[PDB]
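We begin with a single chain expressed as C-alpha cells, specifically the form deposited in one PDB entry.
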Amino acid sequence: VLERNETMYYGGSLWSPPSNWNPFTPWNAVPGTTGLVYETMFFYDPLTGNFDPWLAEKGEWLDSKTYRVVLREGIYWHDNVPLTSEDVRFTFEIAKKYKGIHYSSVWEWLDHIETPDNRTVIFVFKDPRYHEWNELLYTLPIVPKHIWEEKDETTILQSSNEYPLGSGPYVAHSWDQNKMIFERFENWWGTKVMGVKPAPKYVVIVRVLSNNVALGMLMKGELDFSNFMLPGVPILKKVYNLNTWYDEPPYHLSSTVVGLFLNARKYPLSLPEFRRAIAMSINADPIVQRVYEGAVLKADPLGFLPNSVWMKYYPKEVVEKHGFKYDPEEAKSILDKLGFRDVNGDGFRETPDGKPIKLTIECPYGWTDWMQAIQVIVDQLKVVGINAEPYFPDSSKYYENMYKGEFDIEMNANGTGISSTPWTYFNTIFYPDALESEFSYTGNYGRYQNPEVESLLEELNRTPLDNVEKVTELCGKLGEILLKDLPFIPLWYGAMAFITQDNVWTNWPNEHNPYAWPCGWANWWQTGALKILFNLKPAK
C-alpha cells in the first residue's frame, strides 16, 4: 500500500496485464517505461512544435548530411554508470548488428557514427531523411550499452526486461495484473542538472476493464490523471467537479486521426471501388454529435489533424478534387455497376458470382466510444446492403489482429497521432514494409500494395521541412493515392481525453495554463505527461 498524498494514479493506456518493459519492443512495453525509466535525446511538445533538450544539450545539422548531438554533462544510469556518447552510439549500432530490431532500417540511410569525446555524437548520413530523423530525436529511447552488450538477438527481442535499468526519473517498483507502479529515483541526474523533479513519489498506471469503471474512480478521487474517454463532460464538470482542458466544447485537445483500416488482401475489400463505396456510406456526423456529444471534430477525406503542423503542408486542391463524401445513393450506384447485388433478398449485396459478403468490424472491448461508433457504422452499412458484423475482442487480441493483418474492417488510431511531420501519417497508412512482415507494428495493417508510394514516402522524407512547396506537392501526390484507393478511411479526430480531479494533486495544465500535452499513452510521456509531473502541486 502507498501513501495517497505522495501517489499519483494515472489511467487510460493500459489495457493488458503488465508483462513487458523492453525498450526494444515499444508495442508491448508498459506505459511509462519509455519516458519514466528510459530517456530520449529530446522532449517534443505538440502544443508548440518545440524540441526541448533532454539527454542532448543541443542538436544541430552541421551540413546537409551530418547531425551532431552534444549530451548534457553529468548524465548517469541508475546504477551510477555514466551515460555517454557510446551509449547513444550503441543504441543505434546494435540495430545494425541485429536487423530484427525495429529501427534497423535506419542503417539504410545512416552511414556511420563518430564519437570525438564522451559527450559528442556525430551522425553522418548517406541519405538524410529529415522528417523521420526529427521523430527519432524524441521517440528513440537511449539504452545502456553496459547492460545490453553481451545479449544475443533473441534475448533482446524476446526478453520482458523486468526491472528495467534506465537513466530516467523513475524506476519500476511493482506490478500485478491490474496496475504498474513506478517509484521515483531520488538520485536522478535530471534533478541535479535540469532542476526539475517529478512531484509524486509514486506513479501508478491503472488498468481497468472498461471506460465506465474509470468514472467511479474519478468521482471517489481514486484516479488523478485520466485519459479514459468518458461521456457527459458538462455534467462531469458541474456536478462532480471533474476538469478538462477547455471550459467549453470540444473540451479536449485532438490527438489522433481515427479511421478504418481495411484488409486490402481480402475480396471484396481488395477492390478500391468497394472501399470507396464503404467510405461514401459512412456519415461521421452522428458519431461526432451523439457518441461524442461534440467533444471531437469531424475529419475531411484526407484527415490531416487541424491542430497539427501537417496543415502547413495541406494539399487543398487535391482534397477538393479527389476526396469522397457521405453519399449513400452514389455508394449504391457504384456497387450496382460492379455487380454487387442482392440475389437472395436479405437486403445484403452478394458478390457478382452470387457469393455472400460478411465483413467483421472491430475495436477493443471496453473502449465504449468506439464500440458505439462501430454500431453506428454497422447500421449505416446495413442500409446500403453491406453486412458488417461488430466484434469486440480483448485489447491484446485487437492489437495481435492489427499487427498480423487478421481483420476485415478495423477501427484504428495507431500511429496517426500528432507529430512534427505529415510523413508520420502517410507512413502509418502506407508502411510498405508491412507486405514483408508477419507482424507490422508501424502501419499499413491491411497490407495495401502500391508501386509509387514507397518512392513518394522516401522523397517526402528526404525533403527539408522548410521547403513548403515541395513537401506540400508530395503530400498531394501521397494524398491523391490515399483518396483514390482508400486503404485507410479517415472519420474523425480523436479527442485527447484528459480529465482530472484536485483533491490530491493540483496545477494540471489546461487552456488557461497550457504548459504541457496531457498524454500518458505508451511512448508519449516525453511529449508532456512527464513535464506535468514536474509541475504538480500537492492539494491543501
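By rigid core we mean the largest C-alpha set that fits within 1.5 Å across both forms. Heads up: residue numbers just count along the shown sequence, starting at 1.
One more form of this protein exists, namely the form deposited in another entry; it is left out here, but the text below deals with it.
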Legend entry - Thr500 C-alpha relocation of at least 2 Å between the shown form and the other one, rigid core basis: no
Inset, instruction - Taking the rigid core as the superposition reference, indicate whether the CA of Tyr170 shifts 2 angstroms or more between the shown form and the other one. - result: no
Inset, instruction - Can you tell whether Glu511 sits closer to or farther from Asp300 in the other form than it does here, judged by CA atoms, where the change is 3 Å or more? - result: closer
